[PDB]
Each structure stands twice: as structure tokens, then as C-alpha cells.
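Asker: My file is final.txt. It has compact mmCIF, C-alpha atoms and all ligand atoms:
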```txt
# COMPACT_ATOMS: atom_id res chain seq x y z
CA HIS A 1 3.52 -16.39 12.49
CA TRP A 2 2.16 -12.91 12.06
CA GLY A 3 -1.27 -11.75 11.00
CA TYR A 4 -4.03 -9.39 12.12
CA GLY A 5 -5.84 -11.46 14.75
CA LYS A 6 -5.90 -11.19 18.53
CA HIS A 7 -3.02 -13.62 18.98
CA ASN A 8 -0.69 -12.65 16.11
CA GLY A 9 -1.70 -9.09 15.15
CA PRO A 10 0.03 -5.69 15.23
CA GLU A 11 0.38 -5.63 19.04
CA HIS A 12 2.60 -8.76 18.80
CA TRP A 13 4.81 -7.79 15.87
CA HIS A 14 7.54 -6.04 17.92
CA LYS A 15 8.56 -9.35 19.52
CA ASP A 16 9.94 -10.63 16.20
CA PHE A 17 10.53 -7.16 14.67
CA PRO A 18 11.56 -4.75 17.46
CA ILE A 19 11.66 -1.89 14.96
CA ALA A 20 7.85 -1.96 15.26
CA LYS A 21 8.45 0.48 18.15
CA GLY A 22 10.83 2.60 16.07
CA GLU A 23 11.07 6.29 15.33
CA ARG A 24 9.63 6.31 11.77
CA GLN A 25 6.91 3.65 11.70
CA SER A 26 3.95 3.58 9.32
CA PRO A 27 1.05 4.21 8.88
CA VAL A 28 0.30 7.52 10.61
CA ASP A 29 -2.63 9.83 10.97
CA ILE A 30 -2.35 12.78 8.59
CA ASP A 31 -3.56 15.84 10.51
CA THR A 32 -4.30 18.47 7.86
CA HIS A 33 -3.76 21.19 10.48
CA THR A 34 -0.09 20.18 10.89
CA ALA A 35 0.71 18.59 7.49
CA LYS A 36 1.90 21.89 6.06
CA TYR A 37 2.18 22.86 2.43
CA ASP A 38 5.82 22.91 1.30
CA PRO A 39 6.38 24.89 -1.94
CA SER A 40 9.64 23.00 -2.59
CA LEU A 41 7.76 19.77 -3.33
CA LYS A 42 7.64 18.96 -7.06
CA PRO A 43 4.73 17.37 -8.92
CA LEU A 44 4.70 13.60 -8.78
CA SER A 45 5.69 11.83 -12.02
CA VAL A 46 3.85 8.55 -12.57
CA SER A 47 5.06 6.70 -15.70
CA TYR A 48 3.11 3.43 -15.91
CA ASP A 49 2.58 3.23 -19.68
CA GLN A 50 4.91 0.23 -20.14
CA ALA A 51 3.91 -1.51 -16.90
CA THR A 52 4.05 -5.30 -17.32
CA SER A 53 1.95 -7.20 -14.78
CA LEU A 54 2.82 -10.85 -14.17
CA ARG A 55 0.67 -12.60 -11.57
CA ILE A 56 -1.93 -12.02 -8.86
CA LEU A 57 -1.66 -13.96 -5.61
CA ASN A 58 -3.04 -14.45 -2.10
CA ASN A 59 -0.09 -14.38 0.33
CA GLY A 60 -2.21 -14.85 3.45
CA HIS A 61 -2.20 -11.18 4.43
CA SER A 62 -3.51 -9.44 1.26
CA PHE A 63 -3.70 -10.01 -2.49
CA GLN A 64 -0.96 -8.51 -4.61
CA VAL A 65 -0.31 -8.00 -8.31
CA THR A 66 3.34 -8.30 -9.33
CA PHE A 67 5.21 -6.62 -12.14
CA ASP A 68 8.30 -7.09 -14.28
CA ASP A 69 10.76 -4.69 -12.61
CA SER A 70 13.76 -5.66 -14.75
CA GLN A 71 13.81 -2.44 -16.77
CA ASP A 72 12.54 1.11 -16.26
CA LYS A 73 9.08 0.19 -17.53
CA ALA A 74 6.77 1.55 -14.85
CA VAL A 75 8.57 4.12 -12.67
CA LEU A 76 7.70 6.73 -10.07
CA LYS A 77 9.72 9.95 -10.19
CA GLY A 78 9.58 13.56 -9.10
CA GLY A 79 7.58 14.57 -6.05
CA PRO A 80 9.79 14.23 -2.97
CA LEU A 81 11.93 11.61 -4.72
CA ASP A 82 15.52 11.78 -5.92
CA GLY A 83 16.18 9.39 -8.77
CA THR A 84 13.95 6.69 -10.23
CA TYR A 85 11.78 4.06 -8.48
CA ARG A 86 10.55 0.93 -10.29
CA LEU A 87 7.09 -0.50 -9.66
CA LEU A 88 7.38 -3.93 -7.99
CA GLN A 89 3.83 -4.78 -6.93
CA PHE A 90 0.58 -3.40 -5.62
CA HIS A 91 -1.72 -4.74 -2.90
CA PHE A 92 -4.55 -3.48 -0.71
CA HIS A 93 -5.65 -3.24 2.94
CA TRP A 94 -9.36 -3.19 3.80
CA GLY A 95 -11.97 -3.52 6.53
CA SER A 96 -14.75 -5.71 7.87
CA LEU A 97 -17.16 -2.84 7.01
CA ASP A 98 -17.05 0.24 4.76
CA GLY A 99 -16.29 2.50 7.76
CA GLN A 100 -12.70 1.24 8.18
CA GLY A 101 -9.89 -0.46 6.32
CA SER A 102 -7.32 2.15 5.46
CA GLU A 103 -3.94 2.27 7.13
CA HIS A 104 -3.27 5.97 6.91
CA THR A 105 -6.04 8.20 8.27
CA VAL A 106 -6.84 11.84 7.48
CA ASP A 107 -7.89 13.89 10.52
CA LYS A 108 -8.61 10.47 12.12
CA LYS A 109 -10.96 9.54 9.25
CA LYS A 110 -10.64 5.90 8.18
CA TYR A 111 -11.38 5.00 4.54
CA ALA A 112 -12.85 1.70 3.31
CA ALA A 113 -9.51 0.51 1.93
CA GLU A 114 -6.05 1.64 0.90
CA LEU A 115 -4.01 0.75 -2.19
CA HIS A 116 -0.21 0.50 -1.95
CA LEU A 117 1.84 0.79 -5.14
CA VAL A 118 5.33 -0.36 -4.09
CA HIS A 119 8.45 0.96 -5.85
CA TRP A 120 12.19 0.53 -5.20
CA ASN A 121 15.10 2.89 -5.82
CA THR A 122 17.09 1.80 -8.89
CA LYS A 123 20.36 3.19 -7.59
CA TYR A 124 20.50 0.14 -5.28
CA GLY A 125 20.28 -2.49 -8.03
CA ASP A 126 17.57 -4.74 -6.59
CA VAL A 127 14.84 -4.53 -3.99
CA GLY A 128 16.60 -6.77 -1.47
CA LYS A 129 19.37 -4.20 -1.27
CA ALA A 130 16.91 -1.29 -1.46
CA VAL A 131 14.99 -2.39 1.66
CA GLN A 132 18.18 -1.95 3.70
CA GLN A 133 18.39 1.74 2.79
CA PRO A 134 16.46 4.64 4.38
CA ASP A 135 15.53 5.83 0.86
CA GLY A 136 15.19 2.39 -0.71
CA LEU A 137 11.44 2.27 -1.38
CA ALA A 138 8.67 4.64 -2.29
CA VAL A 139 5.10 3.53 -1.64
CA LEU A 140 2.28 5.40 -3.36
CA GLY A 141 -0.76 5.12 -1.09
CA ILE A 142 -4.25 5.73 -2.45
CA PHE A 143 -7.41 5.69 -0.34
CA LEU A 144 -10.57 3.86 -1.49
CA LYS A 145 -14.04 5.13 -0.67
CA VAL A 146 -17.31 3.42 -1.56
CA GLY A 147 -19.20 5.17 -4.35
CA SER A 148 -19.25 4.79 -8.10
CA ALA A 149 -17.39 1.84 -9.58
CA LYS A 150 -13.75 2.15 -10.63
CA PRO A 151 -13.55 0.53 -14.10
CA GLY A 152 -9.77 0.10 -13.85
CA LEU A 153 -10.26 -2.17 -10.81
CA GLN A 154 -12.69 -4.57 -12.44
CA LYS A 155 -10.07 -6.90 -13.94
CA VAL A 156 -8.68 -7.34 -10.42
CA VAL A 157 -12.07 -7.95 -8.79
CA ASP A 158 -13.17 -10.38 -11.50
CA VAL A 159 -10.22 -12.70 -10.76
CA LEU A 160 -10.27 -12.75 -6.93
CA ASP A 161 -12.53 -15.82 -6.86
CA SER A 162 -9.61 -17.76 -8.34
CA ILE A 163 -7.28 -16.89 -5.43
CA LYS A 164 -9.60 -17.19 -2.44
CA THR A 165 -7.11 -18.90 -0.11
CA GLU A 166 -3.50 -18.34 0.92
CA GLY A 167 -1.00 -19.65 -1.60
CA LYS A 168 -3.23 -19.48 -4.65
CA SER A 169 -2.18 -17.40 -7.63
CA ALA A 170 -3.27 -16.75 -11.17
CA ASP A 171 -1.93 -15.51 -14.47
CA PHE A 172 -2.47 -11.77 -14.52
CA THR A 173 -0.90 -10.07 -17.55
CA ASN A 174 -1.61 -6.80 -19.35
CA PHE A 175 -3.14 -5.07 -16.31
CA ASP A 176 -2.76 -1.29 -16.52
CA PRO A 177 -2.23 0.32 -13.09
CA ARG A 178 -3.02 3.77 -14.53
CA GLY A 179 -6.65 2.68 -14.08
CA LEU A 180 -6.27 2.76 -10.28
CA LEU A 181 -5.23 6.39 -9.95
CA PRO A 182 -7.50 9.31 -8.96
CA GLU A 183 -7.68 12.50 -10.96
CA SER A 184 -5.39 14.55 -8.75
CA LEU A 185 -1.80 13.72 -7.90
CA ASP A 186 -1.75 16.14 -4.95
CA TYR A 187 -0.03 14.28 -2.13
CA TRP A 188 1.27 14.19 1.41
CA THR A 189 4.72 12.81 2.10
CA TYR A 190 6.73 11.65 5.07
CA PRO A 191 9.54 9.20 5.90
CA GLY A 192 8.24 5.91 7.25
CA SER A 193 8.28 2.14 7.15
CA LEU A 194 6.76 -0.99 5.71
CA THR A 195 3.39 -1.45 7.39
CA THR A 196 3.82 -5.24 7.60
CA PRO A 197 6.81 -7.29 8.83
CA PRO A 198 9.69 -6.73 8.64
CA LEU A 199 8.49 -3.11 9.21
CA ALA A 200 11.81 -1.80 7.84
CA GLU A 201 12.20 1.99 7.92
CA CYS A 202 13.02 2.28 4.28
CA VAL A 203 9.97 4.00 2.76
CA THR A 204 9.34 7.47 1.46
CA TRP A 205 5.56 7.56 1.75
CA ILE A 206 3.52 9.46 -0.80
CA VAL A 207 -0.19 9.46 0.08
CA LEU A 208 -2.58 10.94 -2.43
CA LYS A 209 -5.07 13.58 -1.28
CA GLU A 210 -7.90 12.33 -3.51
CA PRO A 211 -9.40 8.89 -2.84
CA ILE A 212 -10.59 6.73 -5.68
CA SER A 213 -14.22 5.63 -5.64
CA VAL A 214 -14.98 1.93 -5.94
CA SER A 215 -18.41 0.39 -5.81
CA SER A 216 -19.81 -1.52 -2.87
CA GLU A 217 -20.04 -4.44 -5.30
CA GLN A 218 -16.30 -4.18 -5.92
CA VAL A 219 -15.08 -3.89 -2.32
CA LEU A 220 -17.36 -6.71 -1.15
CA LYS A 221 -15.30 -9.02 -3.37
CA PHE A 222 -12.21 -8.14 -1.32
CA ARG A 223 -13.97 -9.40 1.81
CA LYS A 224 -14.54 -12.87 0.33
CA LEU A 225 -10.80 -13.65 0.43
CA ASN A 226 -9.37 -15.91 3.15
CA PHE A 227 -6.33 -15.63 5.40
CA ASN A 228 -6.13 -19.38 5.47
CA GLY A 229 -5.12 -21.98 2.84
CA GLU A 230 -7.65 -24.35 1.36
CA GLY A 231 -8.85 -27.14 3.61
CA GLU A 232 -7.89 -25.02 6.62
CA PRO A 233 -10.58 -23.45 8.83
CA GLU A 234 -12.04 -20.40 7.11
CA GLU A 235 -10.85 -17.07 8.49
CA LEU A 236 -12.04 -14.23 6.24
CA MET A 237 -9.40 -11.73 5.13
CA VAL A 238 -10.85 -8.48 6.53
CA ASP A 239 -9.32 -5.77 8.73
CA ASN A 240 -5.85 -6.51 7.33
CA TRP A 241 -4.64 -3.02 8.25
CA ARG A 242 -2.11 -1.80 10.81
CA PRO A 243 -3.48 1.11 12.88
CA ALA A 244 -1.88 4.55 12.88
CA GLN A 245 1.50 4.74 14.64
CA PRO A 246 2.90 7.78 16.49
CA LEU A 247 4.34 10.41 14.18
CA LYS A 248 6.93 11.14 16.93
CA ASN A 249 9.54 13.65 15.71
CA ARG A 250 8.59 13.58 12.02
CA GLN A 251 7.03 16.11 9.66
CA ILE A 252 4.37 15.36 7.09
CA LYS A 253 4.53 17.76 4.14
CA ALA A 254 1.73 18.53 1.66
CA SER A 255 2.30 19.28 -2.05
CA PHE A 256 -0.81 21.40 -2.11
CA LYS A 257 -2.22 24.43 -0.34
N1 LIG B 301 2.06 -2.32 3.16
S1 LIG B 301 3.50 -1.65 2.60
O1 LIG B 301 4.06 -0.76 3.64
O2 LIG B 301 3.20 -0.88 1.40
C1 LIG B 301 4.63 -2.98 2.21
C2 LIG B 301 5.27 -3.04 0.98
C3 LIG B 301 6.14 -4.11 0.74
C4 LIG B 301 6.31 -5.06 1.75
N2 LIG B 301 7.15 -6.21 1.63
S2 LIG B 301 8.11 -6.40 0.24
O3 LIG B 301 8.56 -7.80 0.17
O4 LIG B 301 7.40 -6.22 -1.04
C5 LIG B 301 9.45 -5.21 0.49
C6 LIG B 301 10.11 -5.08 -0.86
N3 LIG B 301 10.55 -6.40 -1.30
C7 LIG B 301 11.78 -7.04 -0.80
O5 LIG B 301 12.47 -6.52 0.00
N4 LIG B 301 12.12 -8.37 -1.31
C8 LIG B 301 13.31 -9.13 -0.96
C9 LIG B 301 13.96 -9.04 0.27
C10 LIG B 301 15.10 -9.81 0.51
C11 LIG B 301 15.59 -10.66 -0.48
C12 LIG B 301 14.94 -10.74 -1.70
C13 LIG B 301 13.81 -9.97 -1.94
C14 LIG B 301 5.66 -4.95 2.95
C15 LIG B 301 4.81 -3.91 3.20
ZN ZN B 302 0.54 -2.12 2.23
```
Would you kindly transcribe this structure into C-alpha cells?
Ligand SMILES: NS(=O)(=O)c1ccc(NS(=O)(=O)CCNC(=O)Nc2ccccc2)cc1
Ligand SMILES: [Zn+2]
Answerer:
Amino acid sequence: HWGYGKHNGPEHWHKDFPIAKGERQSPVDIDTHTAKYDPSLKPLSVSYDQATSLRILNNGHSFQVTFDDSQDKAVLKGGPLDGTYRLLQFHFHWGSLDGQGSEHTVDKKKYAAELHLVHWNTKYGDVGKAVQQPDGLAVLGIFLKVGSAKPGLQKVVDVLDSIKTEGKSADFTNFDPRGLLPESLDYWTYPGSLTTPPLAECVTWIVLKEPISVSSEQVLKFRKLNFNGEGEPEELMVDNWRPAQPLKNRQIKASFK
């Protein structure tokens, strides 16, 4: 089964998921010399005020926080998107050291981590039908750099000790994802894929220009998680990122000049 190690990592994934070698795979490097401003892009509309978090869990490849997506509580709208996209979950990708961890890169620069806020297109009814559609999902990607502490992340960090190993989960209600956003909503966008199996090409990616700053204290707590379940041999969850994939025939557009 898949992971990020030598024997099951991203170089192996195409054997079970041949779309790994597809025409619109994610992540990509964002070259600011060729990711051109497009004046037709609209401002991004983030409506998370009624977001209802449910649980936080270690699934053996990251930790994710889940939400109640049964109504239009927390939705992503505007930007490059047509229609309305409900927030399903968020999770992160991070490194074995501050110098790497992000999935997207900017002019080949790797950030310490990357946050993925995952949304699905409500015109398809549920997410299982949305993932079969080229416009089924919208993932809001936010880079993390090491600096001052991000107060909106602290509730997450303070609970990670309770989900150290794969399969553990915890109650995680009343978490406000507005606390994970940077100041600016300037973004890049391109059509792409899930960055983990099944790597489906169903994602409109929206990557924010401005990283959020998290403290070294905070990101170190990510690196205490385990890929393995309890009683299994410890394998620390670090470097759980897929490297940049070829942009091929795609365009990346910027909402800003
Ligand atoms: N790293 S990333 O590119 O942002 C990313 C984001 C999400 C995923 N995986 S996912 O499961 O959440 C996809 C959405 N959920 C489903 O399709 N669920 C489903 C499917 C069939 C039946 C019933 C439910 C992987 C990578
Ligand atoms: Zn992700």
C-alpha cells in the first residue's frame, strides 16, 4: 500500500494509479515568470463563518480535520470557480526539516509545509460523484513558513499528541478555519489533480500567494506524528509531500499583477 517511502512512495504510485503519469497532475512548480496575471479572474470568496468541524484523525499519510458538508455552511466561491464548493476537510503536507515540505513550489522554492482546504462542487450532489468530474473539487492551498506563531493553528497543534499513530482520531468541534488564512487572498490557479492516490484529475487548484507564518514550536509538533499504527515499528510522518509534476500543456494564471 502507498506511502512516501523508498518502496511505496510517489515513484511507485502509477502502478496502481496510471493517471499518475497524466496530463494534469499536481502539484506543480509555479514559475512567476510564466504564471501570468489574468484580469478576468475574480476575487476569491471564502465563507467559513458557519464551518462545523467534526473530528481530527491520523490516516497514515497526514492528519486531517473533517467538517459537516451537509449544507452550504462553509463554502468557497468566486475566483476561478463557477458555482459553490463545500468544505469537506483540511490536512497538511510537511518536511523532515524547515527547508522543505510543501507540494507546490514557487520559482522552485519549497516551503516548510502546505495546507490543503478541500472543497467539492455542490452541483454534483456528493463528493463521490464530484471526484469523477473534471471540475468536481477545488483545493485551496496555503503555504506555511516558519516565523511567528499562527494563533488559529494552536487548537490543532495542541491535540496532535492524541492522534500520534495511524487510525487514531479525536473529537474536534468548533474549530474555525478562518484562523488558518493569510491576510491576502491573491492566488494562482490551474487545473490539476489530487496529490495522493487516486490522483484523480478533478481539482481546480487555487494556491494563495501569501504564506502563513507558524512557529518552529508549532511545526515541530507535526513531525512527532507517525505513519504507523500503535505497536507497529515507529516511522515518523515527515516528508509526506509529492514532488512537483510537469506542467505539460497547462497554464497557471495569477489573480494579481
Ligand atoms: N492533497 S489533495 O490533493 O489536496 C487531496 C484531497 C483529497 C483527497 N482524497 S479525498 O478522499 O478527500 C477526495 C474527496 N473525497 C472523496 O472522493 N470521497 C469518496 C469517494 C468515493 C466514495 C465515497 C466518498 C486526496 C488528496
Ligand atoms: Zn493535500
Asker: Take atom CA of residue A:141 and atom CA of residue A:211 and report the distance between them in Å, one decimal.
Answerer: 9.6 Å
Asker: Produce a table with one row for each residue of chain A that has an atom at most 9 Å from any atom of ligand LIG 301 (chain B), each row naming the nearest atom pair and its distance in Å at one decimal; use only C-alpha atoms and all ligand atoms; arrange rows by chain and rising residue number; format as JSON lines.
Answerer:
```
{"residue": "A:26", "atom": "CA", "partner": "B:LIG301", "partner_atom": "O1", "distance": 7.1}
{"residue": "A:27", "atom": "CA", "partner": "B:LIG301", "partner_atom": "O1", "distance": 7.8}
{"residue": "A:88", "atom": "CA", "partner": "B:LIG301", "partner_atom": "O4", "distance": 7.3}
{"residue": "A:89", "atom": "CA", "partner": "B:LIG301", "partner_atom": "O4", "distance": 7.0}
{"residue": "A:90", "atom": "CA", "partner": "B:LIG301", "partner_atom": "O2", "distance": 7.9}
{"residue": "A:91", "atom": "CA", "partner": "B:LIG301", "partner_atom": "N1", "distance": 7.5}
{"residue": "A:92", "atom": "CA", "partner": "B:LIG301", "partner_atom": "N1", "distance": 7.7}
{"residue": "A:93", "atom": "CA", "partner": "B:LIG301", "partner_atom": "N1", "distance": 7.8}
{"residue": "A:103", "atom": "CA", "partner": "B:LIG301", "partner_atom": "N1", "distance": 8.5}
{"residue": "A:115", "atom": "CA", "partner": "B:LIG301", "partner_atom": "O2", "distance": 8.2}
{"residue": "A:116", "atom": "CA", "partner": "B:LIG301", "partner_atom": "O2", "distance": 5.0}
{"residue": "A:117", "atom": "CA", "partner": "B:LIG301", "partner_atom": "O2", "distance": 6.9}
{"residue": "A:118", "atom": "CA", "partner": "B:LIG301", "partner_atom": "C2", "distance": 5.7}
{"residue": "A:119", "atom": "CA", "partner": "B:LIG301", "partner_atom": "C6", "distance": 8.0}
{"residue": "A:120", "atom": "CA", "partner": "B:LIG301", "partner_atom": "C6", "distance": 7.4}
{"residue": "A:126", "atom": "CA", "partner": "B:LIG301", "partner_atom": "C13", "distance": 7.9}
{"residue": "A:127", "atom": "CA", "partner": "B:LIG301", "partner_atom": "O5", "distance": 5.0}
{"residue": "A:128", "atom": "CA", "partner": "B:LIG301", "partner_atom": "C9", "distance": 3.9}
{"residue": "A:129", "atom": "CA", "partner": "B:LIG301", "partner_atom": "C10", "distance": 7.3}
{"residue": "A:130", "atom": "CA", "partner": "B:LIG301", "partner_atom": "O5", "distance": 7.0}
{"residue": "A:131", "atom": "CA", "partner": "B:LIG301", "partner_atom": "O5", "distance": 5.1}
{"residue": "A:132", "atom": "CA", "partner": "B:LIG301", "partner_atom": "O5", "distance": 8.2}
{"residue": "A:137", "atom": "CA", "partner": "B:LIG301", "partner_atom": "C6", "distance": 7.5}
{"residue": "A:138", "atom": "CA", "partner": "B:LIG301", "partner_atom": "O2", "distance": 8.6}
{"residue": "A:139", "atom": "CA", "partner": "B:LIG301", "partner_atom": "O2", "distance": 5.7}
{"residue": "A:140", "atom": "CA", "partner": "B:LIG301", "partner_atom": "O2", "distance": 7.9}
{"residue": "A:141", "atom": "CA", "partner": "B:LIG301", "partner_atom": "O2", "distance": 7.6}
{"residue": "A:192", "atom": "CA", "partner": "B:LIG301", "partner_atom": "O1", "distance": 8.7}
{"residue": "A:193", "atom": "CA", "partner": "B:LIG301", "partner_atom": "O1", "distance": 6.2}
{"residue": "A:194", "atom": "CA", "partner": "B:LIG301", "partner_atom": "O1", "distance": 3.4}
{"residue": "A:195", "atom": "CA", "partner": "B:LIG301", "partner_atom": "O1", "distance": 3.9}
{"residue": "A:196", "atom": "CA", "partner": "B:LIG301", "partner_atom": "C15", "distance": 4.7}
{"residue": "A:197", "atom": "CA", "partner": "B:LIG301", "partner_atom": "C14", "distance": 6.4}
{"residue": "A:198", "atom": "CA", "partner": "B:LIG301", "partner_atom": "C14", "distance": 7.2}
{"residue": "A:199", "atom": "CA", "partner": "B:LIG301", "partner_atom": "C15", "distance": 7.1}
{"residue": "A:200", "atom": "CA", "partner": "B:LIG301", "partner_atom": "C5", "distance": 8.4}
{"residue": "A:203", "atom": "CA", "partner": "B:LIG301", "partner_atom": "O1", "distance": 7.6}
{"residue": "A:205", "atom": "CA", "partner": "B:LIG301", "partner_atom": "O1", "distance": 8.7}
{"residue": "A:241", "atom": "CA", "partner": "B:LIG301", "partner_atom": "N1", "distance": 8.4}
{"residue": "A:242", "atom": "CA", "partner": "B:LIG301", "partner_atom": "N1", "distance": 8.7}
```
Asker: Calculate how many Å separate atom CA of residue A:231 from atom CA of residue A:166, rounding to one decimal.
Answerer: 10.6 Å
Asker: By how many Å are atom CA of residue A:24 and atom CA of residue A:66 apart?
Answerer: 26.4 Å
Asker: Can you work out which one of A:212, A:237, A:142, A:156 has the shortest atom-to-atom distance to ligand ZN 302 (chain B), counting all atoms listed in the file?
Answerer: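 Checking each of A:212, A:237, A:142, A:156 against ligand ZN 302 (chain B), counting all atoms listed in the file, the winner is A:142.
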Asker: Residues proximal to (13.7, 5.9, -5.1) were defined as those with any atom within 7 Å of that point in the file's coordinates, counting all atoms listed in the file. Which are they, as an mmCIF file with C-alpha atoms, in the coordinates of the input?
Answerer:
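Output file point.cif is given in full below:
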```cif
data_model
loop_
_atom_site.group_PDB
_atom_site.id
_atom_site.type_symbol
_atom_site.label_atom_id
_atom_site.label_comp_id
_atom_site.auth_asym_id
_atom_site.auth_seq_id
_atom_site.Cartn_x
_atom_site.Cartn_y
_atom_site.Cartn_z
ATOM 1 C CA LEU A 81 11.930 11.610 -4.720
ATOM 2 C CA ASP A 82 15.520 11.780 -5.920
ATOM 3 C CA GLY A 83 16.180 9.390 -8.770
ATOM 4 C CA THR A 84 13.950 6.690 -10.230
ATOM 5 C CA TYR A 85 11.780 4.060 -8.480
ATOM 6 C CA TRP A 120 12.190 0.530 -5.200
ATOM 7 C CA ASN A 121 15.100 2.890 -5.820
ATOM 8 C CA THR A 122 17.090 1.800 -8.890
ATOM 9 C CA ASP A 135 15.530 5.830 0.860
ATOM 10 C CA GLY A 136 15.190 2.390 -0.710
ATOM 11 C CA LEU A 137 11.440 2.270 -1.380
ATOM 12 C CA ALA A 138 8.670 4.640 -2.290
#
```
Asker: Write out as a ChimeraX atom specification each polymer residue whose atoms come within 7 Å of residue A:107, counting all atoms listed in the file; drop sequence neighbours fewer than 4 positions from it.
Answerer: /A:29-32
Asker: Box for stretch 135-150 of chain A: with edges along x, y and z, all listed atoms inside and 3 Å added on each side, what are the centre and edge lengths in Å to one decimal, as lines of an AutoDock Vina configuration file?
Answerer:
```
center_x = -1.9
center_y = 3.8
center_z = -4.9
size_x = 40.8
size_y = 10.0
size_z = 17.5
```
Asker: Near residue A:67, within 8 Å and counting all atoms listed in the file, which residues show up once chain neighbours fewer than 5 positions away are dropped, as a VMD selection string?
Answerer: chain A and resid 51 to 55 87 to 89
